[PDB]
Amino acid sequence: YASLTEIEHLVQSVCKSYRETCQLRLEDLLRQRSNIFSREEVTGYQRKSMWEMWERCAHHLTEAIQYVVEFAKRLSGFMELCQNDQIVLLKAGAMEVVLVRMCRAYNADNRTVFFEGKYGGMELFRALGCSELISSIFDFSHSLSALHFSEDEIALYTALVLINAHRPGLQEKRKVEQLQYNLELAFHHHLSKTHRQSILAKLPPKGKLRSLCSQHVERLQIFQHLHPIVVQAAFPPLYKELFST
Amino acid sequence: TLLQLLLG
Ligand SMILES: CCS(=O)(=O)c1ccc(CC(=O)Nc2nc(-c3ccccc3)c(C(=O)c3ccccc3)s2)cc1
């Protein structure tokens, strides 16, 4: 039973861990909104091979994931879980966290995302050959931006995305349950101060994030059958460990 | 594994 002070300093350690591991500062993202891929540039991207577009994306996701691993490592409670359970939660949740973080890099006004140094719409990504998945991600980021998360809310919400007692394969399900609740308490406690609790009913449905991540792993299965050597020779080993079977 | 390495 965490006391209000224990819950307050859990808030503290989560928001600090996120500050230190947020990859890009929000203001650097907002500043770049005016930098948008031009017609020729978007065509250039569309005309790339599938193998080259996937390989670029694999690198950029791996880089994002490295920051999430760090976020978890600094998360109060996470390192106190058993090794197996740490792996289980990261394997299931690293991508989910990244997708949540990425709404920061989504510009709802022109419907673009920050990618390779500029902003571009979902058609930039055609060469990947998973336009349904990509359009789903754009819709998801669109839906998250309407909640106007602060950075502290992202910290708290991503901690919860990661600390999810419902993942299969846990050796100590009960420990994770306890940390999750303390984090739910932490999130509620923070939302009460700011008088922000009305975002809770507008949060993405349970399952929606897991669904997006499932589609991604499936589209990588299609791609890997088409280019098994590229994945083996050029994909980051971490990406392969996380998303490859 | 890599996750294990990244974690320590
Ligand atoms: C995330 C921490 S942050 O500080 O907010 C932050 C740091 C660095 C960036 C630049 C960056 O990496 N942008 C990318 N955007 C997509 C992307 C692609 C399609 C739809 C939406 C996003 C990337 C992918 O490869 C990818 C491929 C398939 C599925 C999903 C994604 S990589 C952005 C945010």
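In what follows, chains carry the letters A, B, and so on, assigned in the order in which the sequence lines appear, proteins first and then strands, with residues in each chain numbered from 1.
Considering A/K206, A/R167, A/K208, A/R101 in turn, A/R167 is the only one that fulfils the salt bridge (charged side-chain N to carboxylate O under 4.0 Å, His left out) rule with A/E96. Checking each of A/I7, A/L10, A/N164 against A/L183 for a side-chain contact (heavy atoms from CB on, under 4.5 Å) leaves exactly one that passes, namely A/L10. A side-chain hydrogen bond (donor to acceptor under 3.5 Å, both in side chains) with A/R56 is found for exactly one of A/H59, A/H60, A/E52, namely A/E52.
Between A/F243 and A/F235 the shortest side-chain heavy-atom distance does not fall below 4.5 Å. Within the 4.5 Å cutoff, no side-chain heavy atoms of A/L156 are placed close to those of A/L160. With a 4.5 Å cut-off on side-chain heavy atoms, A/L209 and A/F140 count as touching. Within the 4.5 Å cutoff, the side chain of A/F187 has no heavy atoms near those of the A/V14 side chain. Looking at A/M102 and A/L61, their side chains come closer than 4.5 Å, going by heavy atoms from C-beta outward. By the 4.5 Å heavy-atom criterion applied to side chains, A/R19 and A/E151 are not counted as neighbours.
A/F37 meets the ring-ring contact (aromatic ring centres under 6.0 Å, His included) test with A/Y45; sequence neighbours excluded. For A/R210, there are no salt bridge (charged side-chain N to carboxylate O under 4.0 Å, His left out) partners at least two apart in sequence or on another chain.
For the atom pair CG of B/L3 and CG of A/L242, the computed distance is 5.0 Å after rounding to the nearest 0.5 Å. Distance check: A/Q224 CD to A/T245 OG1 gives 7.0 Å after rounding to the nearest 0.5 Å. Expressed to the nearest 0.5 Å, how far CG of A/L212 lies from CG of A/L133 amounts to 6.5 Å. Note that the OG atom of A/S76 and the NE2 atom of A/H9 stand 11.5 Å from one another [nearest 0.5 Å]. Taking SG from A/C82 and CG from A/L170, the interatomic distance works out to 7.5 Å, rounded to the nearest 0.5 Å. Here A/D139 contributes atom CG and A/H142 contributes atom NE2; the two are 8.0 Å apart, rounded to the nearest 0.5 Å.
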Check against salt bridge (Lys or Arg N to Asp or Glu O under 4.0 Å), A/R31 and A/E27: CA-CA 6 Å; A/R31 188 159 309 113; A/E27 276 64 68; over 6 Å; no
Residues A/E20, A/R74; criterion salt bridge (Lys or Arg N to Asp or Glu O under 4.0 Å); working and verdict: CA-CA 9 Å; A/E20 302 173 348; A/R74 303 185 183 194; 2.8 Å; yes
Criterion side-chain contact (heavy atoms from CB on, under 4.5 Å) on A/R126 and A/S131, from CA distance to verdict: CA-CA 6 Å; A/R126 187 168 297 144; A/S131 65; 6.0 Å; no
A/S135/A/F125 under side-chain contact (heavy atoms from CB on, under 4.5 Å): CA gap, chis, key distance, verdict: CA-CA 10 Å; A/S135 105; A/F125 301 99; over 6 Å; no
A/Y181/A/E177 under side-chain contact (heavy atoms from CB on, under 4.5 Å): CA gap, chis, key distance, verdict: CA-CA 6 Å; A/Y181 193 66; A/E177 288 176 338; over 6 Å; no
side-chain contact (heavy atoms from CB on, under 4.5 Å) between A/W51 and A/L226, worked out: CA-CA 9 Å; A/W51 72 262; A/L226 299 164; over 6 Å; no
Salt bridge (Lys or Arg N to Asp or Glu O under 4.0 Å) assessment of A/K193 paired with A/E8: CA-CA 11 Å; A/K193 291 190 193 163; A/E8 183 30 62; 2.9 Å; yes
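Not a single donor-acceptor pair under 3.5 Å links the side chain of A/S244 to the backbone N or O of A/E241. Side chain of A/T21 to backbone of A/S17: a donor-acceptor contact under 3.5 angstrom is found. Side chain of A/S3 to main chain of A/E6: a donor-acceptor pair is present (N/O by atom type, distance under 3.5 Å, no hydrogens or angles). The closest donor-acceptor contact from the side chain of A/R33 to the backbone of A/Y106 lies under 3.5 Å. At least one donor-acceptor pair closer than 3.5 Å links the side chain of A/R219 to the backbone N or O of A/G129. Checking side-chain atoms of A/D85 against main-chain N and O of A/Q171 turns up a donor-acceptor pair under 3.5 Å. The closest donor-acceptor contact from the side chain of A/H225 to the backbone of A/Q221 lies under 3.5 Å.
In the hydrophobic cluster analysis, where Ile, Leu, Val, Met, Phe, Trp and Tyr join through side-chain heavy atoms closer than 4.5 angstrom, A/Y67 is grouped apart from A/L99. Under the 4.5 Å side-chain heavy-atom criterion for ILVMFWY residues, no single connected hydrophobic cluster contains both A/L26 and A/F115. Each of A/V113 and A/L30 belongs to its own hydrophobic cluster when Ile, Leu, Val, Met, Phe, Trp and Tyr are linked at side-chain heavy-atom distances under 4.5 angstrom.
In the hydrophobic clustering, A/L29 connects to A/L24, A/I36, A/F114, A/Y119, either directly or through intervening members, whenever side-chain heavy atoms lie under 4.5 Å apart.
When all heavy atoms of A/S49 and A/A127 are compared, the pair lying nearest together is O-CB, 4.2 Å. Residues A/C103 and A/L144 come closest through the heavy atom pair CB-CB, 3.8 Å. Nearest heavy atoms, A/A72 versus A/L90: CB-CD2, 4.0 Å. The nearest pair of heavy atoms linking A/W54 to A/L128 is NE1-O, 2.9 Å. Closest non-hydrogen pair, A/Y157 versus A/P204, comes out as OH-CD, 3.3 Å. Between B/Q4 and B/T1, the shortest heavy-atom contact is OE1-N, 2.7 Å.
Ring geometry for A/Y239 against A/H216 counts as perpendicular: the plane angle is over 60°, on a 0 to 90° scale with 30° as the lower cut.
The existence of a salt bridge linking A/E80 and A/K175 is excluded, since no basic side-chain nitrogen approaches an acidic carboxylate oxygen closer than 4.0 Å. Taking a cutoff of 4.0 Å between a charged side-chain nitrogen and a carboxylate oxygen, A/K202 and A/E153 do not qualify as a salt bridge. Salt bridge status for A/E70 with A/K73: present, with a side-chain N to carboxylate O gap under 4.0 Å.
Atom CD of A/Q232 has 12 or fewer heavy atoms from other residues, nucleotides or ligands within 6.0 Å. The number of heavy-atom neighbours closer than 6.0 Å to CD of A/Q83, taken from other residues, nucleotides and ligands shown, is 12 or below. Annotation for A/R196: atom CZ counts as buried by contact number, over 12 foreign heavy atoms lying within 6.0 Å.
Residues A/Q23 and A/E63 bring a donor and an acceptor atom of their side chains to less than 3.5 Å of each other. Between the side chains of A/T62 and A/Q66, no donor N or O sits under 3.5 Å from an acceptor N or O. For A/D152 and A/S150, the side-chain atoms include no donor-acceptor pair closer than 3.5 Å.
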